[PDB]
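Here the structure is laid out as structure tokens; the discussion comes afterwards.
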Number of protein chains: 2
Amino acid sequence: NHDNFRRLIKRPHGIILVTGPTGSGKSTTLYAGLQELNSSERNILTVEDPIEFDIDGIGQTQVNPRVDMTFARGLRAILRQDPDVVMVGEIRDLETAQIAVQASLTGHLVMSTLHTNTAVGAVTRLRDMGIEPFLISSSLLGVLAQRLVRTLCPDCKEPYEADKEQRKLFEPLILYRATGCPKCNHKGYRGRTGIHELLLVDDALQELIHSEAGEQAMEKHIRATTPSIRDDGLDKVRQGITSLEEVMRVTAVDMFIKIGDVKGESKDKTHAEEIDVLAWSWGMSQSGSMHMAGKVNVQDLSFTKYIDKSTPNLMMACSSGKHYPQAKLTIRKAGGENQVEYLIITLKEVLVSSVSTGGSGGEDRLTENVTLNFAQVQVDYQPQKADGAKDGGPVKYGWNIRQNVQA
Amino acid sequence: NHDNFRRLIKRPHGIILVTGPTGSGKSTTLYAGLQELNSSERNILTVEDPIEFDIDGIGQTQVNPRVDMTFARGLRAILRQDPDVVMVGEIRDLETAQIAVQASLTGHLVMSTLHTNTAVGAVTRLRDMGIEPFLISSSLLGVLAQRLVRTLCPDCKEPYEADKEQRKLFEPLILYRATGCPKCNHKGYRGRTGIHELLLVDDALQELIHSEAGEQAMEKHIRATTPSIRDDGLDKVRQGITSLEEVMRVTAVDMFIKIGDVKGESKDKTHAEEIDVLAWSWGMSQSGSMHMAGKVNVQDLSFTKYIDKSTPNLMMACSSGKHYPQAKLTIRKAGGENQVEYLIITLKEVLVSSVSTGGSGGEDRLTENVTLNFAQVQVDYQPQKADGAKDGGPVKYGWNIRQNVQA
């Protein structure tokens, strides 16, 4: 986060905003940014209301209402001093933002703040005041959504294993609790630390601002690249700096398959390190007829998957012709890990009959089809009631294909 | 509904509206929400016109016209008191809504009301006053459409079985009637209770507000997730709290198949615990020619179905090659259980010739195709008149395929 912020505040021009609620340590972050830039090779000037403290080596004008010296008039005056970087206390109105946008386009690096709850809230807020949707895309370098969280006192904090609902937010996973004590005096914390979410405007985000995709569409692309405010907080909870209580206050059927001991890349909590199934197909046919006995012909179980770390292992098994002891396809209802696994197809003595892979120039994640030949098969369907609870036990179908008998 | 409302009013920021007509108990619901939040860790302030009653521990300013203290000016003053949560009496005009939208974006949780008949009516109403379509998506957490319904007195209420038109709104289904009596004094009710519809703005609803899908499109997605106002009322009618009269004032061919004694998962009243048929196909061909005899070739009856509790049993029958005594495909006109079963295809000595199952990553309910070989077949079509009544008896077609003769 520092290296990304370093590079951003060291650009020749553009706007960099720091957002969040009151008492989130925005000024402290800006002051630290200006002190880092504070060199003999740059001319740094600021308009503030009021000046928090004095940085030696940097000019700092104060918003004076006695002479009608406002943020807009102060910022308009600073631009005639030949500045390289400018720091505006905050851009409350359109007039001040208009000058800051012009400043950013005219070879100056601008810095300011906005009282918005999210990093998208800052881009939002500029669109609200009346800055043309374009002007934000051209000028804006990035946004820094910041919160402060109280630091658990290291002398008296209580270790505890997290519950299921807590573990779902993030193998003994120990978090830490508040408590209270004489240095603790007598709360669970002493001091503070910042948690961040650095939105960095790249080529993709420059389009979404221009064409007005929207908060949601823009939030979807933002989560693909940048970590959230909560995720940065949860990392500090793992490290043992702040509590989970402190981070939170300031803040289609699923299908898997496990072939032997071959590990995939599933992010599922229960089905971790398995192969994510995108689709599947399997069947059987009886040759016997009632118009006059026959025999069953069980097909190979096909299934689609992403090209993951199991891809070479399945190719090796297909090439060598070595079979796995067991393979278990698991289907599950929509909701999460606690939902009912309503269909589980277990296979025994499993070969990899074929692997079909490839890709196109438009696909972000490439897929491949894999078929599985097997000696035995067991299908376990679990019926459910109207409310979602399990209706009795699971209905079983078992068959030995090698010996042609029930199993 | 309480747990969902709890989590919503305990968010760090956003607008939560309670809507409905006059005398729907909105204030009572807001007051209950503020009392639940009323803690020492939060600063709660309110602007009201007038103040309904005093919550001890919460600040409550009144709209005074003698000093020109309005909702807008009062809300604008409250925001300078460093509040965590704010409750505005109601947002009647644009100016008051503009401040509430800014308040929600600037780290405050806002609460208010709007006189709209539906939960979509609230989102509607904000778009009408002149709030930019976006600003609603970013700020709005949810809407609570609320009505009050009179409670049937438990000492004197009359049990009665509902009629067809009444049963269609929602196996002896008994509802309760008003009546009148000395505690009943002398109406059918004493006291009241609230019925609700909690619209919860999620990622999908954030798009529909942004891109302006519309009331209808938005109402369609809302019915997929959240229960209606009427459904919450009808649940209380089943419980025996209020009458059906009180809730209302404030407010393709069906195909089944039964294979032997194998139970499916049909929710139909007449065809209960049978297999729901999605589609089917069956045919026959005669080799005889008039250009010069031949023989009939009856095909296997294919049909589509969901993956239900019968799936393993059909796979076992296909694998073992054991035939059922009878299998009856039933087609029925659109309407319900009382409609005419206009096509019934009965099969005798039935094998399961094949089973083809599978699924994709987008499907919510997976389907599968099953074919049926049989010795005999009987098709019974029932003709109908223009009004819908049965036109005479059913026309029969019977044939023994094993012996190649009429049946």
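Where a number appears in this text, it was derived from the coordinates with a stated rule and is not lab data. Counting neighbours? That spans all protein chains shown, and the Cβs are built from the backbone with ideal geometry, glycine included.
This table checks each residue for (1) crowded, with 18+ Cβ neighbours inside 10 Å; (2) within 32 Å of the chain's Cα centre (by Cα); (3) among the β-branched types (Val, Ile, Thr); (4) assigned to a helix (DSSP H, G or I).
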| residue | (1), (2), (3), (4) |
| --- | --- |
| A:54 | no, no, no, no |
| A:57 | no, no, no, no |
| A:65 | no, no, no, no |
| A:75 | yes, no, no, yes |
| A:78 | yes, no, yes, yes |
| A:99 | yes, no, yes, yes |
| A:124 | yes, yes, yes, yes |
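Which residues, counting only those in region B:129-182, are part of a loop (DSSP other than H, G, I, E, B), over 21 Å from the mean Cα position of the chain (by Cα) and over 29 Å from residue B:21 (Cα atoms)?
B:155, B:156, B:163, B:171, B:172, B:181, B:182
Only one of A:350, A:340 is under 30 Å from residue B:320 (Cα atoms), away from every other protein chain (no Cβ under 14 Å) and not charged (D, E, K, R); which?
Result of the check over A:350, A:340: A:350.
Restricting region B:364-385 to residues that are more than 7 Å from chain A (Cβ to nearest Cβ) and assigned to a loop (DSSP other than H, G, I, E, B), which is nearest to the chain's Cα centre (by Cα)?
Among those residues, the one meeting the criterion is B:365.
For region A:17-37, give me each residue that is surrounded by 15 or more Cβ atoms within 10 Å (Cβ to Cβ) and outside any helix (DSSP H, G or I).
Residues satisfying the conditions are A:17, A:18, A:19, A:20, A:21, A:24, A:25.
Could you tell me which of the residues A:335, A:358 is out of contact with any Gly (no Cβ under 6 Å at 6 or more places or on another chain), exposed (fewer than 14 other Cβ atoms within 10 Å of the Cβ), more than 19 Å from residue A:379 (Cα to Cα) and within 13 Å of chain B (Cβ to nearest Cβ)?
A:335
Show the residue pairs meeting these rules: Cβ distance below 7 Å; 6+ apart or different chains; first residue within region B:147-160 and under 17 Å from residue B:238 (Cβ atoms); second residue acidic (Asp, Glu) and surrounded by fewer than 19 Cβ atoms within 10 Å (Cβ to Cβ).
Every condition considered, no pair remains.
Is it true that some residue in region A:55-62 is closer than 20 Å to residue A:25 by Cβ, within 14 Å of chain B (Cβ to nearest Cβ) and either in contact with a strand residue (DSSP E or B) (Cβ under 9 Å, 6 or more places away or on another chain) or among the hydroxyl-bearing types (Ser, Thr, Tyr) (or both)? First the steps, then the outcome.
Start the filter on region A:55-62 by keeping residues that are closer than 20 Å to residue A:25 by Cβ, which leaves A:55, A:58, A:60.
After this cut, where a residue has to be within 14 Å of chain B (Cβ to nearest Cβ) as well, the list is none.
Looking for residues that are closer than 20 Å to residue A:25 by Cβ, within 14 Å of chain B (Cβ to nearest Cβ) and either in contact with a strand residue (DSSP E or B) (Cβ under 9 Å, 6 or more places away or on another chain) or among the hydroxyl-bearing types (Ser, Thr, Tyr) (or both), one finds none in region A:55-62, hence no.
Take the residues in region A:386-406 that are at the interface with another protein chain (Cβ under 10 Å from one of its Cβ atoms) and among the hydrophobic types (A, V, I, L, M, F, W, C), then tell me which one is farthest from residue A:297 (Cα to Cα).
A:386
Tally the residues that are of a type in the set (A, V, I, L, M) and in a helix (DSSP H, G or I), restricting the search to region B:101-120.
Here the count works out to 5.
Which residue out of B:190, B:230 is of a type in the set (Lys, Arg), farther than 29 Å from residue B:366 by Cα, surrounded by 14 or more Cβ atoms within 10 Å (Cβ to Cβ) and out of contact with any strand residue (DSSP E or B) (no Cβ under 8 Å at 6 or more places or on another chain)?
Details: B:190 fails: out of contact with any strand residue (DSSP E or B) (no Cβ under 8 Å at 6 or more places or on another chain).
After ruling out the rest, the residue left standing is B:230.
Taking the conditions exactly as written (under 23 Å from the mean Cα position of the chain (by Cα), under 30 Å from residue A:281 (Cβ atoms) and buried (at least 17 other Cβ atoms within 10 Å of the Cβ)), does residue A:243 satisfy them or not?
no
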